[PDB]
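**Q** Below is one structure. I have some questions about it.
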Amino acid sequence: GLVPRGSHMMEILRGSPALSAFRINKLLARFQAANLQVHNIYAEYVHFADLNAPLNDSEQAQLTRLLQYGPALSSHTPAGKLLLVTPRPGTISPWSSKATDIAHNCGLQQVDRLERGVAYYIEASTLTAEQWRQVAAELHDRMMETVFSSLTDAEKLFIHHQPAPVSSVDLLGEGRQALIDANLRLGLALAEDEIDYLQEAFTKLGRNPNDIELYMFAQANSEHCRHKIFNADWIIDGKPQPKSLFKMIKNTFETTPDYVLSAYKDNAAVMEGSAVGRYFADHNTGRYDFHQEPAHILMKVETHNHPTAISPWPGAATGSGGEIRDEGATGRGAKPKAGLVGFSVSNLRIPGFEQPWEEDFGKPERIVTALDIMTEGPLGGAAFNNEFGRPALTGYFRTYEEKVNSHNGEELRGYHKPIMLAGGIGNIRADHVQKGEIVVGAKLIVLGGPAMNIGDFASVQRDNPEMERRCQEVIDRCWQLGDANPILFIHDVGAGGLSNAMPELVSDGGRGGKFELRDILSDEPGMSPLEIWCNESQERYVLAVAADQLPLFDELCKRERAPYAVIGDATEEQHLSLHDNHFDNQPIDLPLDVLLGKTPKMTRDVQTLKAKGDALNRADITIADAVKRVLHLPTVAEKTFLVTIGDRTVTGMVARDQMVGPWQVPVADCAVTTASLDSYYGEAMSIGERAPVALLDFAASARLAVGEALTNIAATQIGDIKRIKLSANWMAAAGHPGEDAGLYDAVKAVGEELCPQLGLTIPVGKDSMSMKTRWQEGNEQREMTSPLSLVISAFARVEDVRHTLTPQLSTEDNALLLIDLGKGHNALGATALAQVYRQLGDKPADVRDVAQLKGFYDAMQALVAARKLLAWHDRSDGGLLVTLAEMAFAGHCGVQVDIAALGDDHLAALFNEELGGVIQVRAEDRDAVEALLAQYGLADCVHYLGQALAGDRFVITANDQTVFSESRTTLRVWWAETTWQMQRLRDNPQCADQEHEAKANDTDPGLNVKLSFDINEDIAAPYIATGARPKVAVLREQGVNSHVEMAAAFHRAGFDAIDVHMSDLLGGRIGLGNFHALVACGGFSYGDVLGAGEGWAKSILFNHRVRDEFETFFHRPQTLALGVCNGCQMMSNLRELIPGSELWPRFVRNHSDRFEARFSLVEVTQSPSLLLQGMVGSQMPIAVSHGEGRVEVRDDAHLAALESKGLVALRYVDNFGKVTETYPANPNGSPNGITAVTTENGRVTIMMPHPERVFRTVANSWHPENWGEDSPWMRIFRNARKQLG
Ligand SMILES: Nc1ncnc2c1ncn2[C@@H]1O[C@H](COP(=O)(O)OP(=O)(O)NP(=O)(O)O)[C@@H](O)[C@H]1O
Ligand SMILES: Nc1ncnc2c1ncn2[C@@H]1O[C@H](COP(=O)(O)OP(=O)(O)O)[C@@H](O)[C@H]1O
Ligand SMILES: [Mg+2]
Ligand SMILES: [Mg+2]
Ligand SMILES: [Mg+2]
């Protein structure tokens, strides 16, 4: 590769086989389905290096090297037709950006840009050009990639472009017509009253508006950016209204201002946290230390809906991503702590798993199917959360698509335009909650990555998390500076891009701002001022720093490799200006208010509509078929396929994840994180949502939302109900018949009543008002319309993280006491039973007693505190039957209950979705727990069901009449089928199957322990007592996300953790010659591009000074090096620097071809490892979270030798005890369960699971009842102390 390409040279570098066997097999499988006679097919990755200069031999080889990664699969000689798949031209992909990073960090400056593509070699050769476009169509994403017929054809990808000039709308010379033409041309979606405004304003000035100015205006004054509906004057049925929607939401903050530090004036809301030890690396000493101070909790939840319907992955990625910017940009700087995903789609209709209630209603040719969204969507947001470094600990997933007779007659009600929810929490320093003032002359910086044109087709987003991580560390570095925090005011970049972000900043500071277009970083020179000021690129932040703090900010950013650029100054005169240094002119100039200009307030004059709706027909319904159907509804069925694709262990403060009990059943009601690594205080996240009800009663749906949120979060020690702060996210189809009035009534219901009545606040929200899709099916039009979808996300301050409860039942003497808040209304309308039978029902569940709901909370709070309960699980989708079934799955046992005291309607008793739940109290405690519940007038609601027994019998009785009797393992399996099925079409079929097939063996003993040592014996204490703290280099490369907890572990082990960034070595600041203990940390170094750990390791291996530095470290006679996750792969590529590491394997893509976030069970095997000393023979579970941890040997003899030399320290074992290679007891698929090896002298030990994330007992998903503060994994670190003398 060296063919003529502009002022550059493009080089073609052949790579490794792309599609991993089973995929190719599925490819041809799908080819036959379209009558395409495709015999064989071979995918091969091919790299393209755009060079500005030349590479000498040594450099030419160093490049070919960086480009050898992935699984060592067998190579095929090209045969048949070639079909190259590259990203669409005029687009730079995340792979490219991250991959190109690596090149530069390796001294290859000649490498201008690296881009990758897949080269398909197909053998069918008997198809018409027609049949070929089809073959092509099956090989790329029409929304992101494009096919080429020649490898050389990829030159079009690196075509340089000239900066396009700014154009101007001729108002003065053409009249108002010009505003009309430009309105359609540029598609500004401007209303009459607004074109009027612009018309006048520009005549007052006396010059033509510049397309850029006009577009910026369009953005700043759009329904989304101004939230016009939510601030309109209302008129319901001829009677005008008093408050708007927002004012009614604002009501909850006027009535319950308690614990709120910031609300309705930032990117998020902030409430009071607790007095914990904030751990971070000191700025001067470069040493992690605990800072005993208040750590406050901020919360936010956003909705990236439409862009998700177009291109799912980008949709969800930039969903979590946007929310994370808000969090980070909250106040004067904060740190995201955890997060919650959420989805709402139409019927899946999984091929060969077509459910009884599913009926194809067609869909717009221009969007993607519900199943597609549910395959690519989850992977996108998960991709971002994982790369970035925040655990996704709770959420929801709902499907609904039915031809239901609702409020506007009979229509199609679903989610063809999906709800893509992404929100979470964070911790903010006390003295930072408030934005500082922007002093005149403040440097207006843009912290983030180079812009590209992103905001038809322009709904296809881009995601580069590793860029946001870098930015996050820069935020961090800043708030960590205590009072020296340079960020006077930070804000996030989102819609409208900078053309809204920057003005918005200077305005929230009562300033103006003169900017310079050519100072802004951009990866596409060809852009126009409009395109550079209004492009909605990702991973960007805006902030203002005092001029004399610029040196510090620069040095901080550089060290983190997070780019930034000063683009303007703060002016005293309210006035925005954009100077172009290339076209020597000024694209923007106008008084600030001219933009923030207003016309009439919206006024919606609507009418009410209440669905008549007929009572549920019971012809096909039978208790038995009901149970079988419900357990098959996506909204109810096990969600393993959304839980495990996203990390739930990072930060090492995950006290309560989705997985519950020894059997890891994903039935956790809320998520609980510890506020610090040295405390038992924390935060709690729950999610309330019941959108179908809105198709029968708008107020009910809204109320039930707050209800479930509460019932889901109740089994957590919080105290005063006023500690819970709600975020209301409103999804609706404004304009659709009656939905409008229904919205107002529902908002009134929670805003002006339910919430204020309980003591609940709503400091954060967001609103989507177009949840309906219109398209052409036949010669007639079809419309899919969403119900009033309110999604309440609850956030609270946990008092004692140790007292949280889960659904895991106990076999000891017990009582299953039902707390029916429905007061026996047992409604069946708008339920899972109804949906599953293609109906809407008669009357839906509703919050019956406002006082009892709080009574329920106070009651539960009392018990949680007193430790009277053994288990908890609220009632929602699928009612009591599903709540009891799950508790039986979670506890892997049986239930013997009786539902006679619940009424004759046994169907309604088991499937009523009324508020409430089931508590499992010890037997000897029944009376007292019943008496307490009585004190809160709840005595009328409580009913005794029965007990939980050891077994497989799930029996529900009614006196002496067996209402339903089945095997708990049979149900446990049906419920899982939905997730089993998704995994099949997404992950490796073999794995999806093995995981599902193992759920069938009732003899699964679940996670169980064995301890070769005393996990409570602190063999470090003697050294800690001398006060001498050995220094340990806690190594991190750009992209790493663990480190903080890793330091906290060595720290507890008596060490003195130091923050050492790779830049710290390459820049010369720090030297390894001073450390005796090194540690490569986990994360997504360079986003894993060019291979996980690869770019990180090769960045060392290439630079001679740093190379030497490291080798001289391992060779020294007194060192110790550790390498958890990511940092395990990094070191494994430094075999050439580490003594005693010849037999070491290479870590590659997991067999399942999917990231695995699991709590897997390992066995400590014999090995030289000094880090694992005295733990040999032990068996405890560990935090497994990686997508490239599979061991790979050259051949049998290699593994044969590796085993034989005994370099294996950790192996996976099934819950029985034997070493297994079966999924997912052995997640990655490593031979003989290997996930850790060592050196011959045991001084260096690399592994894959995270011993750091679980050094605290409370951070283990499940763990034996009697464990202390420390977990068995703490030992590793204490070993490093001892060992180091
Ligand atoms: N309908 C609403 N109900 C409650 N709070 C709201 C609502 N709309 C907005 N807010 C809050 O008021 C503030 C600003 O609205 P906003 O349009 O959300 O900018 P943003 O969320 O900070 N950043 P971005 O998502 O990039 O536009 C935020 O703190 C919101 O959480
Ligand atoms: N989209 C999602 N992403 C991650 N976890 C999810 C998602 N949807 C549901 N979950 C998790 O699945 C579990 C069960 O979901 P669900 O039955 O809706 O819970 P609940 O009954 O509490 O409403 C919970 O632990 C929840 O956090
Ligand atoms: Mg739910
Ligand atoms: Mg629940
Ligand atoms: Mg549920």
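Just remember, in the structure tokens the first chain shown is A, the second B, etc., residues are 1-based per chain, and ligands are 1-based in the order shown.
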Got a sec: who's within 9 Å of range 1137-1139 of chain A, counting only C-alpha atoms, leaving out chain neighbours fewer than 6 positions off, as an MDAnalysis selection string?
**A** chainID A and resid 1101 1107:1108 1110:1115 1131 1239:1241 1244
**Q** Residues of the last selection are to be written out with N, CA and C atoms, as a short mmCIF file (atom, residue, chain, number, x, y, z; two decimals), in the first residue's frame.
**A**
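Now in part_11.cif:
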```
data_model
loop_
_atom_site.label_atom_id
_atom_site.label_comp_id
_atom_site.auth_asym_id
_atom_site.auth_seq_id
_atom_site.Cartn_x
_atom_site.Cartn_y
_atom_site.Cartn_z
N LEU A 1101 6.58 -0.43 25.19
CA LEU A 1101 7.51 -1.18 24.36
C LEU A 1101 8.20 -0.39 23.26
N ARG A 1107 10.64 2.06 28.15
CA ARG A 1107 10.77 0.63 27.99
C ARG A 1107 11.78 0.21 29.05
N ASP A 1108 13.00 0.72 28.93
CA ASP A 1108 14.08 0.43 29.88
C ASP A 1108 13.59 0.55 31.33
N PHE A 1110 10.77 0.15 32.71
CA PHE A 1110 9.97 -0.99 33.10
C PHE A 1110 10.75 -2.29 33.21
N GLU A 1111 11.60 -2.57 32.23
CA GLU A 1111 12.39 -3.80 32.27
C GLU A 1111 13.27 -3.82 33.52
N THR A 1112 13.97 -2.71 33.76
CA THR A 1112 14.84 -2.58 34.93
C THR A 1112 14.03 -2.74 36.21
N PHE A 1113 12.70 -2.72 36.08
CA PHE A 1113 11.83 -2.88 37.23
C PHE A 1113 11.61 -4.35 37.51
N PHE A 1114 11.18 -5.10 36.49
CA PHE A 1114 10.92 -6.53 36.66
C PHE A 1114 12.15 -7.37 36.96
N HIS A 1115 13.29 -6.96 36.38
CA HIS A 1115 14.55 -7.66 36.57
C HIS A 1115 15.17 -7.45 37.94
N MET A 1131 0.16 -6.16 30.50
CA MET A 1131 1.40 -6.85 30.88
C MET A 1131 1.68 -8.09 30.04
N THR A 1239 4.64 -15.84 37.30
CA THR A 1239 6.00 -16.04 36.81
C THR A 1239 6.58 -17.23 37.54
N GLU A 1240 7.75 -17.68 37.10
CA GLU A 1240 8.41 -18.80 37.75
C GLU A 1240 8.82 -18.45 39.18
N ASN A 1241 9.15 -17.19 39.43
CA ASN A 1241 9.52 -16.77 40.77
C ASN A 1241 8.36 -16.08 41.51
N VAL A 1244 5.54 -11.58 39.90
CA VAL A 1244 4.57 -10.90 39.04
C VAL A 1244 3.40 -11.84 38.82
#
```
**Q** For ligand 2, return the neighbouring residues as a ChimeraX atom specification (distance at most 8 Å; only C-alpha atoms and all ligand atoms).
**A** /A:340-343,378,392-398,635-640,642-643,646,657-659,666-671,686-689,708,712,873-877,883
**Q** Mind dumping the selected residues with N, CA and C atoms as a tab-separated table (two decimals), in the first residue's frame?
**A**
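Saved as part_3.tsv:
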```tsv
chain	number	residue	atom	x	y	z
A	340	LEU	N	-28.53	4.13	35.60
A	340	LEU	CA	-29.69	3.29	35.31
A	340	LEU	C	-30.21	3.36	33.87
A	341	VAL	N	-30.26	2.21	33.21
A	341	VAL	CA	-30.72	2.09	31.82
A	341	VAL	C	-32.23	1.83	31.78
A	342	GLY	N	-32.86	2.15	30.65
A	342	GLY	CA	-34.29	1.95	30.51
A	342	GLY	C	-34.73	1.91	29.07
A	343	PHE	N	-35.56	0.93	28.73
A	343	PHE	CA	-36.06	0.75	27.37
A	343	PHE	C	-37.55	0.48	27.31
A	378	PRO	N	-29.26	-2.01	23.82
A	378	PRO	CA	-28.64	-2.43	25.07
A	378	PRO	C	-27.14	-2.43	24.97
A	392	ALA	N	-24.11	0.06	35.72
A	392	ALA	CA	-25.53	0.19	35.37
A	392	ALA	C	-26.23	-0.83	36.26
A	393	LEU	N	-26.74	-0.35	37.39
A	393	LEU	CA	-27.34	-1.20	38.42
A	393	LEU	C	-28.83	-1.41	38.54
A	394	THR	N	-29.61	-0.74	37.70
A	394	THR	CA	-31.06	-0.92	37.73
A	394	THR	C	-31.74	-0.25	36.55
A	395	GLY	N	-32.96	-0.67	36.27
A	395	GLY	CA	-33.70	-0.11	35.16
A	395	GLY	C	-34.99	-0.86	34.86
A	396	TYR	N	-35.47	-0.74	33.62
A	396	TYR	CA	-36.68	-1.42	33.19
A	396	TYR	C	-36.58	-1.74	31.71
A	397	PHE	N	-37.48	-2.60	31.24
A	397	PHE	CA	-37.53	-3.03	29.85
A	397	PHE	C	-38.98	-3.40	29.64
A	398	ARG	N	-39.66	-2.68	28.76
A	398	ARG	CA	-41.06	-2.95	28.50
A	398	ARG	C	-41.41	-2.98	27.04
A	635	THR	N	-41.60	-7.82	29.36
A	635	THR	CA	-41.65	-6.94	30.52
A	635	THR	C	-41.50	-7.68	31.85
A	636	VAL	N	-41.89	-8.96	31.88
A	636	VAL	CA	-41.81	-9.78	33.09
A	636	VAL	C	-40.63	-10.75	33.10
A	637	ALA	N	-40.45	-11.47	31.99
A	637	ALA	CA	-39.40	-12.47	31.83
A	637	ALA	C	-38.01	-12.00	32.25
A	638	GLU	N	-37.21	-12.92	32.79
A	638	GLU	CA	-35.84	-12.64	33.27
A	638	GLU	C	-35.06	-11.75	32.31
A	639	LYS	N	-34.32	-10.79	32.86
A	639	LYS	CA	-33.56	-9.83	32.05
A	639	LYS	C	-32.04	-10.03	31.99
A	640	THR	N	-31.58	-11.27	32.10
A	640	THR	CA	-30.15	-11.56	32.06
A	640	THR	C	-29.42	-10.91	30.87
A	642	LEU	N	-29.60	-8.02	29.62
A	642	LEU	CA	-29.39	-6.58	29.71
A	642	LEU	C	-28.51	-6.27	30.91
A	643	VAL	N	-28.52	-7.18	31.88
A	643	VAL	CA	-27.77	-7.04	33.11
A	643	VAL	C	-26.28	-7.33	32.93
A	646	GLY	N	-23.48	-5.18	30.88
A	646	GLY	CA	-22.99	-3.95	31.48
A	646	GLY	C	-22.36	-4.15	32.84
A	657	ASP	N	-26.42	-4.91	43.28
A	657	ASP	CA	-26.60	-4.97	41.83
A	657	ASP	C	-27.87	-5.76	41.51
A	658	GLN	N	-28.12	-5.96	40.22
A	658	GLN	CA	-29.31	-6.68	39.79
A	658	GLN	C	-29.32	-8.15	40.19
A	659	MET	N	-28.17	-8.79	40.16
A	659	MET	CA	-28.07	-10.21	40.51
A	659	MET	C	-28.25	-10.43	42.01
A	666	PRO	N	-31.43	-12.25	38.43
A	666	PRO	CA	-31.55	-10.80	38.35
A	666	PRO	C	-32.91	-10.27	38.82
A	667	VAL	N	-33.16	-10.31	40.12
A	667	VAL	CA	-34.44	-9.82	40.66
A	667	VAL	C	-34.33	-8.74	41.74
A	668	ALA	N	-33.22	-8.00	41.77
A	668	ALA	CA	-33.02	-6.93	42.75
A	668	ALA	C	-33.92	-5.73	42.44
A	669	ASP	N	-34.69	-5.28	43.44
A	669	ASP	CA	-35.62	-4.18	43.24
A	669	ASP	C	-35.05	-2.79	43.09
A	670	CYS	N	-33.96	-2.50	43.78
A	670	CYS	CA	-33.33	-1.19	43.65
A	670	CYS	C	-31.84	-1.41	43.66
A	671	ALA	N	-31.08	-0.35	43.43
A	671	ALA	CA	-29.64	-0.46	43.42
A	671	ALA	C	-29.11	0.36	44.60
A	686	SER	N	-34.03	3.50	42.44
A	686	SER	CA	-35.13	2.61	42.11
A	686	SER	C	-35.83	3.21	40.92
A	687	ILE	N	-36.68	2.43	40.27
A	687	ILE	CA	-37.39	2.93	39.11
A	687	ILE	C	-38.86	2.54	39.09
A	688	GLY	N	-39.71	3.56	39.05
A	688	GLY	CA	-41.14	3.34	38.99
A	688	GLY	C	-41.58	3.65	37.57
A	689	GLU	N	-42.48	2.82	37.03
A	689	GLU	CA	-42.95	3.02	35.68
A	689	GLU	C	-44.05	2.02	35.37
A	708	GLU	N	-44.60	2.31	42.49
A	708	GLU	CA	-43.63	1.24	42.25
A	708	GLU	C	-42.22	1.69	42.65
A	712	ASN	N	-40.34	-0.33	45.32
A	712	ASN	CA	-39.11	-0.95	44.84
A	712	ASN	C	-37.94	-0.54	45.74
A	873	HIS	N	-39.65	-8.14	48.24
A	873	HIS	CA	-39.91	-8.10	46.81
A	873	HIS	C	-41.29	-7.48	46.57
A	874	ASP	N	-41.31	-6.32	45.91
A	874	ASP	CA	-42.55	-5.61	45.62
A	874	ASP	C	-43.38	-6.32	44.56
A	875	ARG	N	-44.58	-5.80	44.32
A	875	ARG	CA	-45.47	-6.37	43.32
A	875	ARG	C	-45.67	-5.37	42.17
A	876	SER	N	-45.42	-5.85	40.96
A	876	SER	CA	-45.58	-5.05	39.76
A	876	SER	C	-45.99	-5.98	38.63
A	877	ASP	N	-45.34	-5.85	37.48
A	877	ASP	CA	-45.62	-6.66	36.29
A	877	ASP	C	-45.81	-8.12	36.62
A	883	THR	N	-44.25	-12.19	41.57
A	883	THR	CA	-43.48	-11.73	42.71
A	883	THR	C	-43.07	-12.94	43.55
```
**Q** May I have the residues within 9 Å of residue 1118 in chain A as a list in words, using only C-alpha atoms and disregarding those fewer than 6 positions away in the same chain?
**A**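 The neighbour list is residues 1076, 1077, 1243 and 1284 of chain A.
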**Q** Can you list, as a VMD selection string, every residue of range 715-895 of chain A that DSSP puts in strand (DSSP E)?
**A** chain A and resid 725 to 731 761 to 768 772 to 776 781 to 785 789 to 798 814 to 820 869 to 874 894 to 895
**Q** Kindly give the distance, in Å, that separates CA of residue 1242 in chain A and CA of residue 1227 in chain A, rounded to a single decimal.
**A**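 Rounded to one decimal, the two atoms are 25.5 Å apart.
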**Q** Enumerate, as a ChimeraX atom specification, the complete set of residues in range 93-237 of chain A that a backbone-based DSSP assignment places in helix (DSSP H, G or I).
**A** /A:94-104,129-137,151-158,171-174,177-185,192-205,211-220,223-226,229-231
**Q** Under the rule that only C-alpha atoms are counted, which of A:539, A:836, A:988, A:1086 is the nearest residue to residue 21 in chain A?
**A** A:988
**Q** Smallest atom-to-atom distance to ligand 3: which of A:710, A:382, A:43, A:310, using only C-alpha atoms and all ligand atoms?
**A**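 Of all the options, A:710 lies closest to ligand 3.
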**Q** Taking 4 positions as the minimum chain separation for residues in the same chain, which residues sit within 10 Å of residue 126 in chain A when counting only C-alpha atoms? Answer as a tab-separated table (two decimals) with N, CA, C and O atoms, in the first residue's frame.
**A**
```tsv
chain	number	residue	atom	x	y	z
A	36	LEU	N	-30.21	-16.90	-2.27
A	36	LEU	CA	-28.88	-16.50	-2.71
A	36	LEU	C	-27.96	-17.71	-2.51
A	36	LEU	O	-27.72	-18.16	-1.37
A	37	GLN	N	-27.50	-18.28	-3.63
A	37	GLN	CA	-26.65	-19.47	-3.62
A	37	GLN	C	-25.18	-19.21	-3.18
A	37	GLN	O	-24.24	-19.45	-3.95
A	38	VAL	N	-25.00	-18.77	-1.94
A	38	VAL	CA	-23.67	-18.45	-1.39
A	38	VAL	C	-23.00	-19.64	-0.69
A	38	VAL	O	-23.30	-19.95	0.46
A	131	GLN	N	-28.96	-9.48	-7.32
A	131	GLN	CA	-28.76	-10.41	-6.20
A	131	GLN	C	-27.52	-10.03	-5.39
A	131	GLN	O	-27.41	-10.38	-4.22
A	132	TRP	N	-26.59	-9.32	-6.04
A	132	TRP	CA	-25.36	-8.86	-5.41
A	132	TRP	C	-25.57	-7.69	-4.45
A	132	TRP	O	-24.96	-7.65	-3.38
```
**Q** Write out as a PyMOL selection string the residues lying within 12 Å of residue 472 in chain A, counting only C-alpha atoms and excluding same-chain residues fewer than 5 positions away.
**A** chain A and resi 321+324-330+333-337+388-390+447-448+465-467+477-480+492+539-541+556-557+560-563+1038-1041
**Q** In Å, how far is it from CA of residue 1265 in chain A to CA of residue 661 in chain A?
**A**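 Separation between CA of residue 1265 in chain A and CA of residue 661 in chain A: 11.3 Å.
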**Q** For residue 958 in chain A, work out the shell of residues within 10 Å, counting only C-alpha atoms and skipping chain neighbours fewer than 6 positions away, then give it as a ChimeraX atom specification.
**A** /A:897-904,906,964
**Q** For the residues selected in the previous step, produce a file with N, CA, C and O atoms as a short mmCIF file (atom, residue, chain, number, x, y, z; two decimals), in the first residue's frame.
**A**
```cif
data_model
loop_
_atom_site.label_atom_id
_atom_site.label_comp_id
_atom_site.auth_asym_id
_atom_site.auth_seq_id
_atom_site.Cartn_x
_atom_site.Cartn_y
_atom_site.Cartn_z
N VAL A 897 -48.22 -21.44 49.47
CA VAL A 897 -49.06 -20.34 49.88
C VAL A 897 -50.54 -20.61 49.64
O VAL A 897 -50.90 -21.54 48.93
N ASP A 898 -51.37 -19.78 50.26
CA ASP A 898 -52.82 -19.90 50.14
C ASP A 898 -53.41 -18.52 49.89
O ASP A 898 -53.16 -17.58 50.64
N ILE A 899 -54.19 -18.40 48.82
CA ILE A 899 -54.79 -17.13 48.47
C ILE A 899 -56.31 -17.14 48.63
O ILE A 899 -57.04 -16.72 47.72
N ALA A 900 -56.78 -17.61 49.78
CA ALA A 900 -58.22 -17.67 50.04
C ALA A 900 -58.70 -16.34 50.60
O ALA A 900 -59.78 -15.86 50.23
N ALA A 901 -57.89 -15.74 51.47
CA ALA A 901 -58.21 -14.47 52.10
C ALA A 901 -58.05 -13.29 51.14
O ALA A 901 -58.14 -12.13 51.55
N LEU A 902 -57.82 -13.61 49.87
CA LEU A 902 -57.66 -12.60 48.84
C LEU A 902 -58.85 -12.52 47.89
O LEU A 902 -58.78 -11.80 46.89
N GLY A 903 -59.93 -13.24 48.20
CA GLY A 903 -61.11 -13.23 47.35
C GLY A 903 -61.28 -14.42 46.40
O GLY A 903 -60.32 -15.18 46.15
N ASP A 904 -62.49 -14.56 45.85
CA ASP A 904 -62.82 -15.68 44.94
C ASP A 904 -62.13 -15.59 43.60
O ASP A 904 -61.84 -16.62 42.98
N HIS A 906 -59.51 -15.83 41.93
CA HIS A 906 -58.13 -16.31 42.03
C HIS A 906 -57.25 -15.78 40.92
O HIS A 906 -56.06 -15.56 41.11
N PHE A 964 -52.92 -23.78 41.81
CA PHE A 964 -51.84 -23.88 40.83
C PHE A 964 -50.69 -24.61 41.51
O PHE A 964 -50.32 -24.29 42.64
#
```
**Q** Could you list, as a list in words, every residue within 7 Å of range 947-956 of chain A, counting only C-alpha atoms and ignoring same-chain residues fewer than 2 positions away?
**A** residues 811, 814, 815, 816, 893, 894, 895, 896, 897, 898, 899, 962, 963, 964, 965, 966, 967, 968 and 969 of chain A
**Q** Collect all residues with atoms no farther than 7 Å from ligand 1, counting only C-alpha atoms and all ligand atoms, and output them as a PyMOL selection string.
**A** chain A and resi 225+227+230+246+249+263-269+300+302+322-323+326+492-495+727-728+762-767
**Q** For ligand 3, which of A:913, A:1136, A:1064, A:354 is the closest residue, counting only C-alpha atoms and all ligand atoms?
**A**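 Ranking A:913, A:1136, A:1064, A:354 by distance to ligand 3, first place goes to A:913.
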**Q** Between A:614, A:1177, A:470, A:936, which one has atoms that come closest to residue 1084 in chain A, using only C-alpha atoms?
**A** A:470
**Q** What is the CA of residue 305 in chain A to CA of residue 370 in chain A distance in Å?
**A** 12.9 Å
**Q** Find the residue from A:69, A:923, A:584, A:677 that sits nearest to residue 652 in chain A; use only C-alpha atoms when measuring.
**A**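 Among the listed residues, the smallest separation from residue 652 in chain A belongs to A:677.
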